[PDB]
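**Q** Quick one: the structure is below, and I'll ask about it shortly.
Listed below in structure tokens is the structure:
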């Protein structure tokens, strides 16, 4: 059976840390995808749980990332936050289908140009998503986001193994509350969780015509999620040692997303950064991810009235730096076609504000170049 409970002392702690790092991610990504923070937090929780029990690679955090959100942001403003639920259920179904058929090894065939393009487009789309918080501008917004970047970039050279983003959020919250600053707070953008996720059958989609409109986004969500899970897995593999079956990982991902969709949640996948922060801080057990999700839920339920008071400048700063962390690649001075693919995805996503379209043209372009090679 090979199932363990080794190193609880470090796993629990690591889970706590990455949970504290997980809250603002889910809230923000929820706002970016035009939906309530509740959906993102729920998603992170239940996904972390189910992956903790059925995941392939232990110590890998699967919660809620922009890589999923920016693919649903178009589905929510055209059909609603609930066609999203259907799409997440179907996504999980496609993932357990992908795992049952044992097709993970084919993920290598996916062009690097398409992937790097996806990453770039993703990041700059994050940065662009932070812009509608500046169109209605009070100088408190500017001052607190600038001081946010400042404290995030200048404090950690003096401090230790505790996030500068944590200090940023806490300090800016305390300030905004005490000084009574006039700025938008998170509680305005959407409702925050006040109870446990209840079984919400997607009462909002209807069979076939729904299928015809959620199948593409479920496909892209599934593929992106399995890619993310694959690379995150392999990086944890390199960091330590494992013979992790990526098929089992894909299945766990699938089931997770399925029940997530059945409990009023978003779509989720593996998170590189938080998995790395986890393994670096001593997390290498399933209890790490479990405690991540659980302590996430407990803490967001605990700080709820304080949570809704958190100023939007702090979170827009955190997103502002997560974008920067995501984008920067090797801007090479190389195959013209591949560069063409990356820049195509980037430019198309930038112009249309649709990540799915960038992915689509990436796929078809890579296919054309392939036909030209073959």
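In the UniProt record's numbering, the protein residues as written are 14 to 346, 351 to 391. Even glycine gets a Cβ: it sits at the ideal position worked out from N, Cα and C.
Which residue or residues does DSSP assign as beta-bridge partners of residue 283?
**A** Answer by DSSP bridge pairing, in chain order: 75.
**Q** Within 10 angstroms of the Cβ of residue 221, are there 16 or more other Cβ atoms? Answer buried if so, exposed if not.
**A** Its Cβ having fewer than 16 others within 10 Å, residue 221 is exposed.
**Q** Can you tell me which residues form a DSSP beta bridge with residue 213?
**A** 276.
**Q** For a quick check, are the C-beta atoms of residue 382 and residue 361 less than 7 Å apart?
**A** Contact: yes.
**Q** When you compare the CB positions of residue 161 and residue 280, do they come within less than 7 Å of one another, or not?
**A** No, the Cβ-Cβ distance between residue 161 and residue 280 is not below 7 Å.
**Q** Quick check: residue 227 and residue 99, are their CB atoms within less than 7 Å of each other?
**A** Yes, the Cβ-Cβ distance between residue 227 and residue 99 is below 7 Å.
**Q** Does DSSP classify residue 198 as helix, strand or coil?
**A** The answer is strand: DSSP assigns residue 198 an E or B state.
**Q** Figure out for me which residue from 149, 309 and 94 has the closest Cα to the Cα of residue 217.
**A** Nearest of 149, 309 and 94 to residue 217, Cα basis: 94.
**Q** Between the C-alpha atoms of residue 278 and residue 351, what's the straight-line distance to the nearest angstrom?
**A** Rounded to the nearest angstrom, the two C-alpha atoms are 42 Å apart.
**Q** Quick check: the Cα distance between residue 245 and residue 60, rounded to an integer number of angstroms?
**A** Their Cα atoms are separated by approximately 16 Å.
**Q** Counting only runs of 4+ residues fully inside the stretch 282–316, write out the alpha helix (DSSP H) ranges in chain order.
**A** Runs found: 285–293 and 299–315.
**Q** How big is the Cα-Cα spacing for residue 84 and residue 224?
**A** Approximately 17 Å, taken between the alpha carbons.
**Q** Quick one: is residue 55 buried, meaning 16 or more other Cβ sit within 10 Å of its Cβ, or exposed?
**A** Classification for residue 55: buried.
**Q** Measuring straight from C-alpha to C-alpha, what distance separates residue 350 and residue 254?
**A** Structure remark: the chain lacks residues between 346 and 351, so residue 350 is without coordinates.
**Q** Using a Cβ-Cβ cut-off of 6 Å (strictly less than) and excluding sequence neighbours within five positions of residue 37, which residues of its own chain qualify?
**A** 328 and 331.
**Q** Closest by CA to residue 117, which one among 157, 14 and 257?
**A** If we check each option's Cα against that of residue 117, 257 comes out closest.
**Q** When the Cα atoms are used, what is the spatial distance from residue 106 to residue 74?
**A** About 20 Å.
**Q** Let me confirm a value: residue 125 is counted as buried when at least 16 other C-beta atoms fall within 10 Å, else exposed. Which label applies?
**A** Exposed: under 16 other Cβ atoms inside 10 Å.
**Q** What residue range does the alpha helix (DSSP H) around residue 368 cover?
**A** Here the alpha helix (DSSP H) through residue 368 covers 353–369.
**Q** Let me know the secondary structure DSSP gives residue 145 once reduced to three states.
**A** Residue 145 falls in the helix class under three-state DSSP.
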